[PDB]
Structure formats: structure tokens, C-alpha cells
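Content type CSV, C-alpha atoms and all ligand atoms, from the file protein.csv:
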```
chain,number,residue,atom,x,y,z
A,1,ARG,CA,-45.9,-73.0,-30.6
A,2,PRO,CA,-42.2,-73.1,-29.4
A,3,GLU,CA,-42.7,-76.4,-27.4
A,4,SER,CA,-44.2,-78.0,-30.6
A,5,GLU,CA,-40.7,-77.5,-32.1
A,6,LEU,CA,-38.9,-78.8,-29.0
A,7,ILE,CA,-40.9,-82.1,-29.4
A,8,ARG,CA,-40.3,-82.3,-33.1
A,9,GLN,CA,-36.6,-81.7,-32.8
A,10,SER,CA,-36.0,-84.2,-30.0
A,11,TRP,CA,-38.0,-86.8,-31.7
A,12,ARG,CA,-36.1,-86.6,-35.0
A,13,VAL,CA,-33.1,-87.9,-33.1
A,14,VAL,CA,-34.9,-90.9,-31.5
A,15,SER,CA,-36.7,-91.7,-34.8
A,16,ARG,CA,-33.5,-92.6,-36.6
A,17,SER,CA,-33.3,-95.9,-34.7
A,18,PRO,CA,-36.6,-96.7,-33.3
A,19,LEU,CA,-36.1,-100.3,-32.2
A,20,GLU,CA,-32.9,-99.4,-30.2
A,21,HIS,CA,-34.6,-96.6,-28.5
A,22,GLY,CA,-37.8,-98.5,-28.0
A,23,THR,CA,-35.8,-101.3,-26.4
A,24,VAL,CA,-34.5,-98.8,-23.8
A,25,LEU,CA,-38.1,-97.8,-23.1
A,26,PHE,CA,-39.3,-101.3,-22.4
A,27,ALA,CA,-36.1,-102.4,-20.5
A,28,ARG,CA,-36.7,-99.4,-18.2
A,29,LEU,CA,-40.4,-100.2,-17.9
A,30,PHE,CA,-39.8,-103.7,-16.7
A,31,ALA,CA,-37.2,-102.5,-14.2
A,32,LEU,CA,-39.8,-100.2,-12.7
A,33,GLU,CA,-42.9,-102.4,-12.9
A,34,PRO,CA,-42.0,-106.2,-13.3
A,35,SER,CA,-45.7,-107.1,-13.1
A,36,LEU,CA,-46.2,-105.8,-16.6
A,37,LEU,CA,-44.2,-108.7,-18.0
A,38,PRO,CA,-46.9,-111.4,-17.9
A,39,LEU,CA,-49.3,-109.2,-20.0
A,40,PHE,CA,-47.3,-110.0,-23.2
A,41,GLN,CA,-48.6,-113.5,-23.8
A,42,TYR,CA,-47.8,-114.6,-27.3
A,43,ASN,CA,-49.5,-117.9,-27.9
A,44,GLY,CA,-50.3,-118.6,-24.3
A,45,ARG,CA,-46.7,-118.4,-22.9
A,46,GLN,CA,-45.4,-116.0,-20.3
A,47,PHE,CA,-41.9,-114.6,-20.3
A,48,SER,CA,-40.0,-115.7,-17.1
A,49,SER,CA,-37.5,-112.8,-17.1
A,50,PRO,CA,-37.4,-109.4,-18.9
A,51,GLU,CA,-34.5,-110.5,-21.1
A,52,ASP,CA,-36.7,-113.3,-22.5
A,53,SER,CA,-39.0,-110.5,-24.1
A,54,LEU,CA,-36.0,-109.3,-26.1
A,55,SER,CA,-35.7,-112.6,-28.2
A,56,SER,CA,-39.4,-112.6,-29.1
A,57,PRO,CA,-40.3,-111.4,-32.6
A,58,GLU,CA,-43.8,-110.5,-31.6
A,59,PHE,CA,-42.6,-108.4,-28.7
A,60,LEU,CA,-40.1,-106.6,-31.0
A,61,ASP,CA,-43.0,-105.9,-33.4
A,62,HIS,CA,-44.9,-104.4,-30.6
A,63,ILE,CA,-42.0,-102.1,-29.9
A,64,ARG,CA,-42.2,-101.0,-33.6
A,65,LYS,CA,-46.0,-100.4,-33.2
A,66,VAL,CA,-45.3,-98.2,-30.1
A,67,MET,CA,-42.8,-96.1,-31.8
A,68,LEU,CA,-45.2,-95.6,-34.8
A,69,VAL,CA,-48.0,-94.4,-32.4
A,70,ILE,CA,-45.7,-91.9,-30.8
A,71,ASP,CA,-44.6,-90.8,-34.2
A,72,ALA,CA,-48.3,-90.1,-35.0
A,73,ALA,CA,-48.7,-88.1,-31.8
A,74,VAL,CA,-45.7,-86.0,-32.8
A,75,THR,CA,-47.0,-85.5,-36.4
A,76,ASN,CA,-50.3,-84.2,-34.8
A,77,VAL,CA,-48.7,-82.3,-31.9
A,78,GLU,CA,-50.8,-79.1,-32.6
A,79,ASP,CA,-54.1,-80.8,-32.6
A,80,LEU,CA,-54.3,-84.3,-31.1
A,81,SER,CA,-58.1,-84.2,-31.5
A,82,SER,CA,-57.7,-86.0,-34.8
A,83,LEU,CA,-56.2,-89.1,-33.0
A,84,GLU,CA,-58.8,-89.1,-30.3
A,85,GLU,CA,-61.1,-91.8,-31.5
A,86,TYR,CA,-58.1,-94.2,-32.4
A,87,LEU,CA,-56.5,-93.6,-28.9
A,88,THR,CA,-59.8,-94.4,-27.2
A,89,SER,CA,-60.0,-97.8,-29.0
A,90,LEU,CA,-56.2,-98.4,-28.4
A,91,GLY,CA,-56.9,-97.7,-24.7
A,92,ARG,CA,-59.8,-100.2,-24.7
A,93,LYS,CA,-57.6,-102.9,-26.4
A,94,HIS,CA,-55.0,-102.4,-23.6
A,95,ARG,CA,-57.7,-102.6,-20.9
A,96,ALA,CA,-58.8,-105.9,-22.4
A,97,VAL,CA,-55.1,-107.1,-22.4
A,98,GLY,CA,-55.0,-106.5,-18.7
A,99,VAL,CA,-53.2,-103.1,-18.4
A,100,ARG,CA,-54.3,-100.8,-15.6
A,101,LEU,CA,-54.6,-97.2,-16.2
A,102,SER,CA,-52.0,-96.5,-13.3
A,103,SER,CA,-49.3,-98.3,-15.4
A,104,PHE,CA,-49.4,-95.6,-18.1
A,105,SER,CA,-47.6,-93.2,-15.7
A,106,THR,CA,-44.8,-95.8,-15.4
A,107,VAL,CA,-44.8,-95.8,-19.2
A,108,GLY,CA,-44.5,-92.0,-19.2
A,109,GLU,CA,-41.6,-92.1,-16.8
A,110,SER,CA,-39.9,-94.7,-19.1
A,111,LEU,CA,-40.4,-92.5,-22.1
A,112,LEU,CA,-38.8,-89.5,-20.3
A,113,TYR,CA,-35.9,-91.8,-19.2
A,114,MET,CA,-35.4,-92.9,-22.7
A,115,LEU,CA,-35.5,-89.3,-24.0
A,116,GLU,CA,-33.1,-88.1,-21.2
A,117,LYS,CA,-30.6,-90.9,-22.0
A,118,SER,CA,-30.8,-90.4,-25.7
A,119,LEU,CA,-30.5,-86.6,-25.8
A,120,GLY,CA,-28.2,-86.0,-22.8
A,121,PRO,CA,-27.4,-82.3,-22.5
A,122,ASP,CA,-30.1,-81.4,-25.2
A,123,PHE,CA,-32.8,-82.7,-22.9
A,124,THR,CA,-33.5,-79.2,-21.5
A,125,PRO,CA,-36.1,-78.6,-18.9
A,126,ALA,CA,-38.4,-76.9,-21.5
A,127,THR,CA,-38.4,-80.2,-23.6
A,128,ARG,CA,-39.0,-82.4,-20.6
A,129,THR,CA,-42.0,-80.2,-19.7
A,130,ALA,CA,-43.1,-80.1,-23.4
A,131,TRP,CA,-43.0,-84.0,-23.6
A,132,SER,CA,-44.7,-84.3,-20.2
A,133,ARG,CA,-47.5,-82.1,-21.5
A,134,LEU,CA,-47.8,-84.0,-24.7
A,135,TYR,CA,-47.9,-87.4,-22.8
A,136,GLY,CA,-50.4,-86.0,-20.3
A,137,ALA,CA,-52.7,-85.2,-23.3
A,138,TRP,CA,-52.0,-88.5,-25.0
A,139,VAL,CA,-53.0,-90.3,-21.8
A,140,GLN,CA,-56.2,-88.3,-21.3
A,141,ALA,CA,-57.3,-89.5,-24.7
A,142,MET,CA,-56.3,-93.2,-24.1
A,143,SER,CA,-58.0,-93.1,-20.7
A,144,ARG,CA,-61.4,-92.8,-22.3
A,145,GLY,CA,-60.8,-96.5,-23.1
A,146,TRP,CA,-61.4,-97.3,-19.4
A,147,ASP,CA,-64.7,-95.2,-19.6
A,148,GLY,CA,-63.8,-91.5,-19.2
B,1,LIG,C1,-47.6,-100.5,-21.0
B,1,LIG,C2,-47.8,-101.7,-21.2
B,1,LIG,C3,-48.2,-102.2,-22.5
B,1,LIG,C4,-48.5,-103.6,-22.6
B,1,LIG,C5,-48.4,-104.6,-21.5
B,1,LIG,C6,-49.0,-103.8,-24.0
B,1,LIG,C7,-49.4,-105.0,-24.5
B,1,LIG,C8,-50.0,-105.1,-25.7
B,1,LIG,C9,-50.5,-106.3,-26.2
B,1,LIG,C10,-50.5,-107.6,-25.5
B,1,LIG,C11,-51.0,-106.1,-27.4
B,1,LIG,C12,-51.6,-107.2,-28.3
B,1,LIG,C13,-50.5,-108.0,-29.0
B,1,LIG,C14,-49.7,-107.2,-30.0
B,1,LIG,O1,-50.2,-106.6,-30.9
B,1,LIG,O2,-48.4,-107.1,-29.9
B,1,LIG,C15,-50.8,-104.7,-27.7
B,1,LIG,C16,-51.1,-104.1,-28.9
B,1,LIG,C17,-50.8,-102.8,-29.2
B,1,LIG,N1,-50.0,-102.0,-28.5
B,1,LIG,FE1,-49.5,-102.3,-26.6
B,1,LIG,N2,-48.9,-102.6,-24.6
B,1,LIG,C18,-48.5,-101.6,-23.8
B,1,LIG,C19,-48.3,-100.3,-24.2
B,1,LIG,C20,-48.4,-99.7,-25.4
B,1,LIG,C21,-48.1,-98.4,-25.7
B,1,LIG,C22,-47.5,-97.3,-24.7
B,1,LIG,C23,-48.4,-98.2,-27.1
B,1,LIG,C24,-48.3,-97.0,-27.9
B,1,LIG,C25,-47.9,-95.8,-27.5
B,1,LIG,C26,-48.8,-99.4,-27.6
B,1,LIG,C27,-49.3,-99.7,-28.9
B,1,LIG,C28,-49.9,-100.9,-29.2
B,1,LIG,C29,-50.5,-101.1,-30.6
B,1,LIG,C30,-50.5,-100.1,-31.7
B,1,LIG,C31,-51.1,-102.3,-30.6
B,1,LIG,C32,-51.9,-102.9,-31.8
B,1,LIG,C33,-53.3,-102.7,-31.4
B,1,LIG,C34,-54.3,-103.1,-32.5
B,1,LIG,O3,-54.5,-102.4,-33.4
B,1,LIG,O4,-54.8,-104.2,-32.5
B,1,LIG,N3,-48.9,-100.3,-26.5
B,1,LIG,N4,-50.1,-104.1,-26.7
B,2,XE,XE,-36.9,-105.5,-22.4
B,3,XE,XE,-33.9,-106.3,-20.0
B,4,XE,XE,-48.2,-105.8,-37.2
B,5,XE,XE,-40.9,-94.4,-35.9
B,6,XE,XE,-45.5,-93.9,-24.9
B,7,XE,XE,-46.8,-89.5,-26.6
```
What do you get writing this file as C-alpha cells?
Amino acid sequence: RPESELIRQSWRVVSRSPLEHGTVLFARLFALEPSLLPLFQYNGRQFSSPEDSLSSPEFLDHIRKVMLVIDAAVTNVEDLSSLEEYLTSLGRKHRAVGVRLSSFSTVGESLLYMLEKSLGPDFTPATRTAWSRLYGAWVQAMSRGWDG
């Protein structure tokens, strides 16, 4: 694969500082879909504004969890079949949390944004297309958590 290499190279840059980059991803997500904010309920409280999420230790740990799941996806970029069962259960957890399957396209737009801003002229259209293909495959697997 050539596009497997485009993924791996772009990711190594982002992986150097995962919380900084993850923070961009979530900041963008809340700018596109403010209704995701109430779904992060850490002992029964709701954030009022997006900037409130940024002071919460549990929210920042969730960013670290996200970036580790993406890192896994990258590691297994050839064959994502090995992650399939874990992603199905991860999707089910998110369904229980209140996330709708439609919102994972906003998530995908926010990932591409973060990549585009981070890599600048290196975010070529082959790499965008590569990441978009990977994410489409990652979402397919996750979406089994909503039944198929
Ligand atoms: C799109 C909106 C999302 C919302 C509202 C959301 C919300 C949550 C919440 C409430 C939890 C439970 C509390 C916690 O562990 O921090 C959770 C767990 C988790 N999230 Fe997310 N999340 C989303 C997206 C993602 C994405 C894109 C990933 C990874 C690519 C991710 C990875 C995880 C992981 C690994 C856990 C721990 C699950 C377990 O093993 O129990 N989440 N998420
Ligand atoms: Xe944020
Ligand atoms: Xe923010
Ligand atoms: Xe954790
Ligand atoms: Xe990471
Ligand atoms: Xe993601
Ligand atoms: Xe991904």
C-alpha cells in the first residue's frame, strides 16, 4: 500500500503531542455540533460552554483515550479486521452514552480539520483521501454497535 504509508507518516507528526492535537479536534467538533456538549456528563453535571470542557480532567482523559484508539487504527491500517470486535463494543458504549450515528460524520470532519491544520502544505489530496477511506472503514466497524 502507498496510502498506508501516507497515513503512517501524517500520524507520526500528530502523535508527538496528542493532547494539543486532540484539543483541536474537540474544539472544532463543538463549533460544528454544540449539541454534543451535554453528552459528557462527569458526575451528573453538564458543561455550560465548550471552554468549560477544557478544564475538566475527565474530559482531557477522554481526549487521550481517543487519540490512543486512532493510534491503534493506524497500527492496524492494513487489516482493521483485528479491531472489529472492540470497535463494535466501543460503538455500543457510545450508543448508550447518547451519541447518534450521524454525529460520527461530524467527528470525521473534525479529524480532517485537525489533520489539515496540523500538516498544512503536507496535507496532500492523496492523504486526505487515504484518511477519509480509513475513517470510513473505522466507522463501518463502529456502526455495528447500533445493530449493523
Ligand atoms: C463524538 C462524540 C463522543 C462523545 C460525546 C463521547 C463520549 C464518551 C463518554 C461519555 C464516555 C464515557 C466516559 C469516559 O470514559 O470518558 C466515552 C468513552 C470512551 N470514548 Fe468517547 N465520545 C465520543 C467519541 C469518541 C471517539 C471518536 C473515540 C475514539 C476514536 C472515543 C473513545 C472513547 C473510549 C476509548 C472510551 C472508553 C470506553 C470504555 O472502554 O469504557 N470516543 N466517550
Ligand atoms: Xe473543547
Ligand atoms: Xe473551545
Ligand atoms: Xe482511563
Ligand atoms: Xe497517541
Ligand atoms: Xe476519530
Ligand atoms: Xe480513524
Which protein, DNA or RNA residues are at most 12 Å from (-40.4, -97.3, -10.7) in the file's coordinates when you count only C-alpha atoms, listed as a compact mmCIF listing (two decimals) with C-alpha atoms, in the frame of the given file?
```txt
# COMPACT_ATOMS: atom_id res chain seq x y z
CA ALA A 27 -36.10 -102.40 -20.50
CA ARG A 28 -36.70 -99.40 -18.20
CA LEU A 29 -40.40 -100.20 -17.90
CA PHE A 30 -39.80 -103.70 -16.70
CA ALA A 31 -37.20 -102.50 -14.20
CA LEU A 32 -39.80 -100.20 -12.70
CA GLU A 33 -42.90 -102.40 -12.90
CA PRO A 34 -42.00 -106.20 -13.30
CA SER A 35 -45.70 -107.10 -13.10
CA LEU A 36 -46.20 -105.80 -16.60
CA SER A 102 -52.00 -96.50 -13.30
CA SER A 103 -49.30 -98.30 -15.40
CA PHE A 104 -49.40 -95.60 -18.10
CA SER A 105 -47.60 -93.20 -15.70
CA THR A 106 -44.80 -95.80 -15.40
CA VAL A 107 -44.80 -95.80 -19.20
CA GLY A 108 -44.50 -92.00 -19.20
CA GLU A 109 -41.60 -92.10 -16.80
CA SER A 110 -39.90 -94.70 -19.10
CA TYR A 113 -35.90 -91.80 -19.20
```
Find the nearest atom pair between each residue of chain A and ligand XE 6 (chain B) for residues within 8 Å, count all atoms listed in the file, give distances in Å to one decimal, sort rows by chain and ascending number, and present the table as a tab-separated table.
```
residue	atom	partner	partner_atom	distance
A:66	CA	B:XE6	XE	6.8
A:67	CA	B:XE6	XE	7.7
A:69	CA	B:XE6	XE	7.9
A:70	CA	B:XE6	XE	6.2
A:107	CA	B:XE6	XE	6.0
A:108	CA	B:XE6	XE	6.1
A:111	CA	B:XE6	XE	6.0
A:135	CA	B:XE6	XE	7.2
```
Rank A:21, A:133, A:64, A:117 by their smallest atom-to-atom distance to ligand XE 7 (chain B), using all atoms listed in the file, and report the top residue only.
->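 Among the listed residues, the smallest separation from ligand XE 7 (chain B) belongs to A:133.
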Contacts of residue 80 (chain A) at 10 Å or less, counting only C-alpha atoms, minus same-chain residues fewer than 4 places along, as a ChimeraX atom specification?
-> /A:72-76,84,87,134,137-138,141
Residues at most 10 Å from residue 12 (chain A), counting only C-alpha atoms, excluding those fewer than 4 positions away in the same chain, as a list in words?
->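 Once the adjacent positions are removed, what remains is residues 7, 8, 16, 17, 71 and 74 of chain A.
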Using the selection just defined, write its residues with C-alpha atoms as a PDB file, keeping the file's coordinate frame.
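Output contents, as saved in selection10.pdb:
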```
ATOM      1  CA  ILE A   7     -40.900 -82.100 -29.400  1.00  0.00           C
ATOM      2  CA  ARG A   8     -40.300 -82.300 -33.100  1.00  0.00           C
ATOM      3  CA  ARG A  16     -33.500 -92.600 -36.600  1.00  0.00           C
ATOM      4  CA  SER A  17     -33.300 -95.900 -34.700  1.00  0.00           C
ATOM      5  CA  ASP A  71     -44.600 -90.800 -34.200  1.00  0.00           C
ATOM      6  CA  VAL A  74     -45.700 -86.000 -32.800  1.00  0.00           C
TER       7      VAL A  74
END
```
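For the residues A:47, A:26, A:11, A:59, ranking by smallest atom-to-atom distance to ligand XE 4 (chain B) using all atoms listed in the file places A:59 first.
Contacts with ligand XE 4 (chain B) are defined as any residue atom within 9 Å of a ligand atom, using only C-alpha atoms and all ligand atoms; the residues meeting this criterion are residues 58, 61, 62, 64 and 65 of chain A.
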Model the absent atoms of region 63-88 of chain A so that N, CA, C and O atoms are present, and write the result as a short mmCIF file (atom, residue, chain, number, x, y, z; two decimals), keeping the file's coordinate frame.
```cif
data_model
loop_
_atom_site.label_atom_id
_atom_site.label_comp_id
_atom_site.auth_asym_id
_atom_site.auth_seq_id
_atom_site.Cartn_x
_atom_site.Cartn_y
_atom_site.Cartn_z
N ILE A 63 -42.81 -103.25 -30.03
CA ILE A 63 -42.00 -102.10 -29.90
C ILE A 63 -42.13 -101.14 -31.14
O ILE A 63 -42.30 -99.93 -31.02
N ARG A 64 -42.04 -101.74 -32.31
CA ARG A 64 -42.20 -101.00 -33.60
C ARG A 64 -43.55 -100.33 -33.68
O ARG A 64 -43.61 -99.18 -34.04
N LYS A 65 -44.62 -101.00 -33.26
CA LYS A 65 -46.00 -100.40 -33.20
C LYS A 65 -45.99 -99.21 -32.23
O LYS A 65 -46.59 -98.13 -32.52
N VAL A 66 -45.35 -99.35 -31.07
CA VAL A 66 -45.30 -98.20 -30.10
C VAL A 66 -44.71 -96.99 -30.69
O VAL A 66 -45.25 -95.86 -30.53
N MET A 67 -43.55 -97.18 -31.30
CA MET A 67 -42.80 -96.10 -31.80
C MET A 67 -43.61 -95.42 -32.95
O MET A 67 -43.65 -94.21 -33.01
N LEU A 68 -44.28 -96.19 -33.83
CA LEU A 68 -45.20 -95.60 -34.80
C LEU A 68 -46.39 -94.81 -34.16
O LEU A 68 -46.77 -93.82 -34.76
N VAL A 69 -46.95 -95.21 -33.01
CA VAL A 69 -48.00 -94.40 -32.40
C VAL A 69 -47.49 -93.09 -31.84
O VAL A 69 -48.13 -92.05 -31.96
N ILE A 70 -46.31 -93.12 -31.25
CA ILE A 70 -45.70 -91.90 -30.80
C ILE A 70 -45.39 -91.00 -31.96
O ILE A 70 -45.64 -89.79 -31.88
N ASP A 71 -44.85 -91.55 -33.03
CA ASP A 71 -44.60 -90.80 -34.20
C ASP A 71 -45.87 -90.06 -34.76
O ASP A 71 -45.83 -88.90 -35.16
N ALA A 72 -47.00 -90.76 -34.74
CA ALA A 72 -48.30 -90.10 -35.00
C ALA A 72 -48.58 -88.97 -34.12
O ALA A 72 -49.03 -87.93 -34.60
N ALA A 73 -48.40 -89.16 -32.81
CA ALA A 73 -48.70 -88.10 -31.80
C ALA A 73 -47.84 -86.85 -32.09
O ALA A 73 -48.40 -85.71 -32.06
N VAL A 74 -46.57 -87.07 -32.42
CA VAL A 74 -45.70 -86.00 -32.80
C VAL A 74 -46.14 -85.29 -34.09
O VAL A 74 -46.25 -84.06 -34.10
N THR A 75 -46.45 -86.05 -35.14
CA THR A 75 -47.00 -85.50 -36.40
C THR A 75 -48.17 -84.53 -36.05
O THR A 75 -48.18 -83.43 -36.53
N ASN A 76 -49.09 -84.95 -35.19
CA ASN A 76 -50.30 -84.20 -34.80
C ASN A 76 -50.13 -83.43 -33.48
O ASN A 76 -51.10 -83.25 -32.74
N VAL A 77 -48.92 -83.00 -33.16
CA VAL A 77 -48.70 -82.30 -31.90
C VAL A 77 -49.55 -81.06 -31.72
O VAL A 77 -49.90 -80.74 -30.58
N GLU A 78 -49.91 -80.35 -32.80
CA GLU A 78 -50.80 -79.10 -32.60
C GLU A 78 -52.09 -79.58 -32.07
O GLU A 78 -52.45 -79.24 -30.94
N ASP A 79 -52.79 -80.39 -32.87
CA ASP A 79 -54.10 -80.80 -32.60
C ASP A 79 -54.15 -82.37 -32.58
O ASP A 79 -54.23 -83.02 -33.63
N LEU A 80 -54.09 -82.89 -31.37
CA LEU A 80 -54.30 -84.30 -31.10
C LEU A 80 -55.72 -84.73 -31.14
O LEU A 80 -56.00 -85.93 -30.96
N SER A 81 -56.67 -83.80 -31.33
CA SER A 81 -58.10 -84.20 -31.50
C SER A 81 -58.36 -85.18 -32.66
O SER A 81 -59.32 -85.99 -32.57
N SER A 82 -57.59 -85.08 -33.74
CA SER A 82 -57.70 -86.00 -34.80
C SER A 82 -57.43 -87.50 -34.43
O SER A 82 -57.99 -88.45 -34.98
N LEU A 83 -56.58 -87.71 -33.40
CA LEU A 83 -56.20 -89.10 -33.00
C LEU A 83 -57.11 -89.66 -31.91
O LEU A 83 -56.95 -90.79 -31.47
N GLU A 84 -58.07 -88.87 -31.51
CA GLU A 84 -58.80 -89.10 -30.30
C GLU A 84 -59.53 -90.39 -30.27
O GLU A 84 -59.56 -91.15 -29.26
N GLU A 85 -60.19 -90.64 -31.40
CA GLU A 85 -61.10 -91.80 -31.50
C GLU A 85 -60.22 -93.13 -31.59
O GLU A 85 -60.58 -94.16 -30.96
N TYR A 86 -59.13 -93.09 -32.34
CA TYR A 86 -58.10 -94.20 -32.40
C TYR A 86 -57.49 -94.54 -30.98
O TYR A 86 -57.36 -95.72 -30.55
N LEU A 87 -57.20 -93.49 -30.24
CA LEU A 87 -56.50 -93.60 -28.90
C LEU A 87 -57.55 -94.16 -27.96
O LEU A 87 -57.22 -95.01 -27.18
N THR A 88 -58.81 -93.76 -28.08
CA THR A 88 -59.80 -94.40 -27.20
C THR A 88 -59.90 -95.88 -27.42
O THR A 88 -59.90 -96.62 -26.42
#
```
